[PDB]
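S.K.: I am attaching a structure below and will ask some questions about it afterwards.
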Amino acid sequence: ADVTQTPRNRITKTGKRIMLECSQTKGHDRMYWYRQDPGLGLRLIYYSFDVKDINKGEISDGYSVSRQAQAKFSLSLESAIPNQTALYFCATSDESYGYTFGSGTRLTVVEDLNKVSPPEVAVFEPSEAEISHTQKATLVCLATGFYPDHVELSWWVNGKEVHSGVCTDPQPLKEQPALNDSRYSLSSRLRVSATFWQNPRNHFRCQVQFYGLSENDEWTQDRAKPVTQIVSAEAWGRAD
Amino acid sequence: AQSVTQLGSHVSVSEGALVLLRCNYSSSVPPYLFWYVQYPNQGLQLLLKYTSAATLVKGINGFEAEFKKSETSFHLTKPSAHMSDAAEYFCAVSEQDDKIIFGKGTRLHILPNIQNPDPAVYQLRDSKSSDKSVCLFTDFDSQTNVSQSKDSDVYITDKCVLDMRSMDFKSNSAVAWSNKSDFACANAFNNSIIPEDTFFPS
């Protein structure tokens, strides 16, 4: 169908019951919930062929499901734990293995919400030596001090998103790798011609969408409540 | 005992060279087989499938796969590796007449053809008036790789390939930084084997 999943992103504390919902419009008998983890592919949690028909997959422990309508298949984390952090995918199938996947739910389970922290973001301007040597100019964005690892980084030139000339690290690194709740860092590069960097009209912005707490979450610290938010840093082109 | 096996979590191909991603299966009766692609930051897209019709199956973008029962294989090929082929690829198989089971995935890394390398280590300053900087190792070819840091207060990223469409130009880079007084860009990459002609500006 249009297979749709709700929510798209969620952060939760450990020990809570969490529900993910899959809905379809084509009314296929067969519905599935999978989780994706790096190096493991997609592993089946549970599947259903009709209302009140439920079958375990390979990794059903810690989960339950309900098929409350032809159109709907719900997945529950019964009591969330950190190793349930994953990208979750619903799917439907026809009778001939024609699968349709939902677009995914990115779920992060953290032990202690007090550790949640938005990134600090900085832009580092191109080297004069790069400019002179190559006639190109590399900007670097650095996002630091964030937790959990649940961000999206993009670049914006004169107000419009760019993909050309960009490379963002595929995974953040741990700032204190010996710690189970270490904060994270992420870098990205945007490379332009030297001519384009040298125009003082041109505006460059690194944007980090961070996913953290909601309005509903309690917050007892003096520091800013680490809600879902955007943090950016910017630089203008420079002739000198 | 029905399963599906992909060989290597991460694999490399030279830009322009034959793409070959392997898949084997263990079903006694031939199964249906599927190849999916997941481009960075997105969901799953079906490239092609074997559904007991043609054994040479063609997919979108010049991808093809031949079902070979005698070697229980279904290898995905494409004639020429392009930078846009960088993604994760999953082989999958029908199981128990009721589901598709997935392989563990292989990420394809495309090594750009760098004809005129210009390895260099540059220092970049914060756009705001801090005393903060990072170090950028860039413009090295395929034979260089970047090592992880040896000092816990020095951070070094994996190498990353950018494709500047404006000048049809690809380049590798890694970033290093530290909160230390000790830290100089001349020493940032000392744990990596760098080209003997790397440019270190004054």
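Just so we're on the same page: first chain in the structure tokens is A, next is B, and so on; residues restart at 1 for each chain, and ligands are numbered from 1 in the order they show up.
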Go through chain A and flag each residue having an atom no more than 6 Å from chain B; for those, report the closest pair of atoms plus their distance in Å to one decimal, using only C-alpha atoms, ordered by chain and rising number, as a Markdown table.
M.R.:
| residue | atom | partner | partner_atom | distance |
| --- | --- | --- | --- | --- |
| A:39 | CA | B:104 | CA | 5.6 |
| A:40 | CA | B:104 | CA | 4.5 |
| A:41 | CA | B:104 | CA | 4.1 |
| A:42 | CA | B:102 | CA | 5.8 |
| A:103 | CA | B:43 | CA | 5.6 |
| A:123 | CA | B:127 | CA | 5.9 |
| A:124 | CA | B:126 | CA | 4.3 |
| A:125 | CA | B:125 | CA | 5.6 |
| A:126 | CA | B:124 | CA | 5.7 |
| A:127 | CA | B:124 | CA | 5.3 |
| A:164 | CA | B:164 | CA | 5.4 |
| A:165 | CA | B:164 | CA | 4.0 |
| A:166 | CA | B:162 | CA | 5.4 |
| A:167 | CA | B:162 | CA | 5.0 |
| A:235 | CA | B:127 | CA | 6.0 |
S.K.: Excluding residue 23 (chain B) and its own-chain neighbours fewer than 5 positions away, which residues fall within 7 Å of it when counting only C-alpha atoms? Please give them as a ChimeraX atom specification.
M.R.: /B:5-6,73-75,91
S.K.: List the neighbours of residue 29 (chain A) out to 12 Å using only C-alpha atoms; skip same-chain residues closer than 4 positions along the sequence, and give me the result as a PyMOL selection string.
M.R.: (chain A and resi 1+24-25+47-54+67+69-73+91-97+99) or (chain B and resi 98)
S.K.: Can I get the selection written as a PDB file, in the first residue's frame, with C-alpha atoms?
M.R.:
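Writing done, so here's result19.pdb:
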ATOM      1  CA  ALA A   1       0.000   0.000   0.000  1.00  0.00           C
ATOM      2  CA  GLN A  24      -1.658  -0.026   4.920  1.00  0.00           C
ATOM      3  CA  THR A  25      -4.342   0.877   2.336  1.00  0.00           C
ATOM      4  CA  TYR A  47       4.490 -11.395  11.395  1.00  0.00           C
ATOM      5  CA  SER A  48       0.770 -11.797  10.828  1.00  0.00           C
ATOM      6  CA  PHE A  49      -1.459 -13.224   8.066  1.00  0.00           C
ATOM      7  CA  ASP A  50      -4.874 -11.959   9.421  1.00  0.00           C
ATOM      8  CA  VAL A  51      -6.465 -10.509  12.457  1.00  0.00           C
ATOM      9  CA  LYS A  52      -5.642 -12.646  15.466  1.00  0.00           C
ATOM     10  CA  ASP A  53      -2.933 -14.751  13.490  1.00  0.00           C
ATOM     11  CA  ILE A  54       0.502 -13.951  15.000  1.00  0.00           C
ATOM     12  CA  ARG A  67      -3.160  -7.233  14.496  1.00  0.00           C
ATOM     13  CA  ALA A  69      -7.390  -4.759  11.738  1.00  0.00           C
ATOM     14  CA  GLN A  70      -6.699  -5.902   8.204  1.00  0.00           C
ATOM     15  CA  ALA A  71      -5.071  -2.503   7.733  1.00  0.00           C
ATOM     16  CA  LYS A  72      -3.041  -2.231  11.012  1.00  0.00           C
ATOM     17  CA  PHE A  73      -0.186  -4.063  12.746  1.00  0.00           C
ATOM     18  CA  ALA A  91       6.293  -4.382   5.495  1.00  0.00           C
ATOM     19  CA  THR A  92       3.337  -5.885   3.711  1.00  0.00           C
ATOM     20  CA  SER A  93       3.309  -8.581   1.070  1.00  0.00           C
ATOM     21  CA  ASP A  94       0.971  -9.862  -1.553  1.00  0.00           C
ATOM     22  CA  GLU A  95       0.700 -13.639  -2.189  1.00  0.00           C
ATOM     23  CA  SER A  96       3.716 -13.595  -4.582  1.00  0.00           C
ATOM     24  CA  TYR A  97       6.424 -11.928  -2.407  1.00  0.00           C
ATOM     25  CA  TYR A  99       6.943  -6.549  -0.533  1.00  0.00           C
TER      26      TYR A  99
ATOM     27  CA  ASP B  98       5.574 -17.092   4.198  1.00  0.00           C
TER      28      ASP B  98
END
S.K.: Tell me which protein, DNA and RNA residues are within 7 Å of residue 173 (chain A), counting only C-alpha atoms, leaving out same-chain ones fewer than 5 positions away, and put them as a PyMOL selection string.
M.R.: chain A and resi 184-186
S.K.: How would the residues just picked look written out with N, CA, C and O atoms as a PDB file, in the first residue's frame?
M.R.:
ATOM      1  N   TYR A 184      28.937  12.395  21.814  1.00  0.00           N
ATOM      2  CA  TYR A 184      29.378  12.147  20.444  1.00  0.00           C
ATOM      3  C   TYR A 184      29.819  13.368  19.714  1.00  0.00           C
ATOM      4  O   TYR A 184      29.438  14.496  20.046  1.00  0.00           O
ATOM      5  N   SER A 185      30.620  13.137  18.661  1.00  0.00           N
ATOM      6  CA  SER A 185      31.032  14.183  17.732  1.00  0.00           C
ATOM      7  C   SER A 185      30.877  13.720  16.290  1.00  0.00           C
ATOM      8  O   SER A 185      30.923  12.522  16.006  1.00  0.00           O
ATOM      9  N   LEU A 186      30.682  14.675  15.422  1.00  0.00           N
ATOM     10  CA  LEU A 186      30.484  14.403  13.982  1.00  0.00           C
ATOM     11  C   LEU A 186      31.113  15.516  13.174  1.00  0.00           C
ATOM     12  O   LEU A 186      30.940  16.687  13.500  1.00  0.00           O
TER      13      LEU A 186
END
S.K.: At a cut-off of 12 Å, using only C-alpha atoms, what residues contact residue 105 (chain A)? Leave out same-chain residues fewer than 3 positions from it and give the result as an NGL selection string.
M.R.: (:A and (4-11 or 19-22 or 33-36 or 75 or 85-90 or 101-102 or 108)) or (:B and (42-43))
S.K.: Please produce an output containing N, CA, C and O atoms for each residue in the selection, written as a compact mmCIF listing (two decimals), in the first residue's frame.
M.R.:
# COMPACT_ATOMS: atom_id res chain seq x y z
N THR A 4 2.42 3.11 5.94
CA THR A 4 2.82 4.24 6.77
C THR A 4 3.14 3.78 8.19
O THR A 4 2.49 2.88 8.71
N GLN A 5 4.19 4.34 8.77
CA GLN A 5 4.61 4.02 10.14
C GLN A 5 4.63 5.23 10.98
O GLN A 5 5.09 6.29 10.55
N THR A 6 4.30 5.03 12.23
CA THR A 6 4.27 6.10 13.20
C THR A 6 4.94 5.57 14.48
O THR A 6 4.69 4.45 14.83
N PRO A 7 5.79 6.31 15.19
CA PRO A 7 6.36 7.61 14.81
C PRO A 7 7.52 7.41 13.81
O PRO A 7 7.87 6.28 13.56
N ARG A 8 8.10 8.50 13.29
CA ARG A 8 9.28 8.43 12.46
C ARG A 8 10.58 8.42 13.29
O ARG A 8 11.54 7.79 12.89
N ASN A 9 10.63 9.19 14.37
CA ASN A 9 11.79 9.28 15.25
C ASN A 9 11.22 9.22 16.67
O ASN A 9 10.14 9.81 16.93
N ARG A 10 11.89 8.53 17.57
CA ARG A 10 11.50 8.61 19.00
C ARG A 10 12.68 8.30 19.86
O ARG A 10 13.44 7.36 19.57
N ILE A 11 12.80 9.06 20.94
CA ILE A 11 13.74 8.80 22.01
C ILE A 11 12.92 8.38 23.22
O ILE A 11 11.89 8.98 23.47
N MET A 19 5.06 1.96 21.72
CA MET A 19 4.26 1.38 20.63
C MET A 19 4.61 2.02 19.29
O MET A 19 4.73 3.24 19.21
N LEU A 20 4.84 1.20 18.28
CA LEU A 20 5.04 1.61 16.88
C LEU A 20 3.85 1.08 16.09
O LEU A 20 3.42 -0.05 16.32
N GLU A 21 3.35 1.88 15.17
CA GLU A 21 2.14 1.54 14.44
C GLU A 21 2.42 1.47 12.92
O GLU A 21 3.06 2.34 12.40
N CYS A 22 1.98 0.41 12.25
CA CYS A 22 2.05 0.27 10.78
C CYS A 22 0.65 0.22 10.25
O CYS A 22 -0.17 -0.53 10.78
N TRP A 33 7.00 -7.03 10.96
CA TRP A 33 7.85 -6.04 11.58
C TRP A 33 9.26 -6.58 11.65
O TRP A 33 9.50 -7.69 12.18
N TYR A 34 10.21 -5.79 11.14
CA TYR A 34 11.63 -6.07 11.15
C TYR A 34 12.38 -4.97 11.89
O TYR A 34 11.91 -3.85 12.00
N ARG A 35 13.58 -5.31 12.35
CA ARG A 35 14.55 -4.30 12.83
C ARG A 35 15.84 -4.43 12.04
O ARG A 35 16.30 -5.51 11.68
N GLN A 36 16.44 -3.27 11.80
CA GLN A 36 17.71 -3.20 11.11
C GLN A 36 18.78 -2.75 12.08
O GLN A 36 18.60 -1.75 12.76
N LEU A 75 3.45 -2.86 16.88
CA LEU A 75 4.61 -3.46 17.53
C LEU A 75 4.78 -2.76 18.90
O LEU A 75 4.77 -1.51 18.98
N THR A 85 17.56 -0.17 20.64
CA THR A 85 17.85 0.98 19.75
C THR A 85 18.12 0.42 18.37
O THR A 85 19.01 -0.41 18.20
N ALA A 86 17.35 0.89 17.42
CA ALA A 86 17.42 0.34 16.03
C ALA A 86 16.58 1.17 15.09
O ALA A 86 15.78 2.01 15.52
N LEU A 87 16.70 0.87 13.79
CA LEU A 87 15.74 1.31 12.78
C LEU A 87 14.75 0.19 12.52
O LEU A 87 15.14 -0.91 12.10
N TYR A 88 13.49 0.46 12.74
CA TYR A 88 12.41 -0.54 12.64
C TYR A 88 11.65 -0.32 11.32
O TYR A 88 11.31 0.82 10.97
N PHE A 89 11.38 -1.41 10.61
CA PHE A 89 10.67 -1.34 9.33
C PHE A 89 9.47 -2.27 9.36
O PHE A 89 9.63 -3.47 9.65
N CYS A 90 8.30 -1.72 9.06
CA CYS A 90 7.10 -2.52 8.73
C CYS A 90 7.16 -2.95 7.27
O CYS A 90 7.79 -2.29 6.46
N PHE A 101 7.75 -1.81 1.85
CA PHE A 101 8.30 -1.40 3.16
C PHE A 101 7.81 -0.02 3.52
O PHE A 101 7.71 0.88 2.66
N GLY A 102 7.52 0.18 4.79
CA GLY A 102 7.40 1.52 5.31
C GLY A 102 8.76 2.25 5.29
O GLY A 102 9.79 1.66 4.99
N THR A 108 15.62 5.35 19.65
CA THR A 108 16.78 5.27 20.56
C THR A 108 16.30 5.18 21.97
O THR A 108 15.48 5.97 22.39
N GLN B 42 18.28 6.56 3.64
CA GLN B 42 16.95 6.21 3.07
C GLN B 42 16.51 4.80 3.41
O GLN B 42 17.20 4.12 4.19
N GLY B 43 15.33 4.40 2.92
CA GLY B 43 14.81 3.08 3.13
C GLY B 43 15.28 2.11 2.04
O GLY B 43 16.28 2.35 1.38
S.K.: Rounded to one decimal, what separation in Å do you get between CA of residue 232 (chain A) and CA of residue 182 (chain A)?
M.R.: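 That distance, rounded to one decimal, is 22.0 Å.
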S.K.: Excluding same-chain residues fewer than 6 positions from residue 119 (chain B), what lies within 9 Å of it counting only C-alpha atoms, as an MDAnalysis selection string?
M.R.: chainID B and resid 137:141 194:195 197:199
S.K.: Apply DSSP to the structure's backbone, then extract all residues of region 32-189 of chain B labelled strand (DSSP E or B) and return them as a ChimeraX atom specification.
M.R.: /B:33-38,45-50,56-58,64-68,73-78,87-95,99-102,106-111,120-126,133-138,154-156,160-164,169-178
S.K.: Quote the spacing between CA of residue 120 (chain A) and CA of residue 104 (chain A) in Å to one decimal place.
M.R.: 27.4 Å
S.K.: Name all residues at most 9 Å from residue 27 (chain B) (count only C-alpha atoms; drop same-chain ones fewer than 3 positions away) and give them as a list in words.
M.R.: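 In the requested form, the answer reads residues 1, 2, 3, 4, 30, 31, 72, 93 and 95 of chain B.
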S.K.: Calculate how many Å separate CA of residue 116 (chain A) from CA of residue 144 (chain A), rounding to one decimal.
M.R.: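 Going from CA of residue 116 (chain A) over to CA of residue 144 (chain A) covers 12.8 Å.
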S.K.: Between B:52, B:192, B:28, B:77, which residue has the minimum interatomic distance to residue 150 (chain B), considering only C-alpha atoms?
M.R.: B:192
S.K.: With DSSP run on the backbone, what are the alpha helix (DSSP H) residues within region 48-240 of chain A? I'd like them as a list in words.
M.R.: residues 128, 129, 130, 131, 132, 133, 134, 194, 195, 196 and 197 of chain A
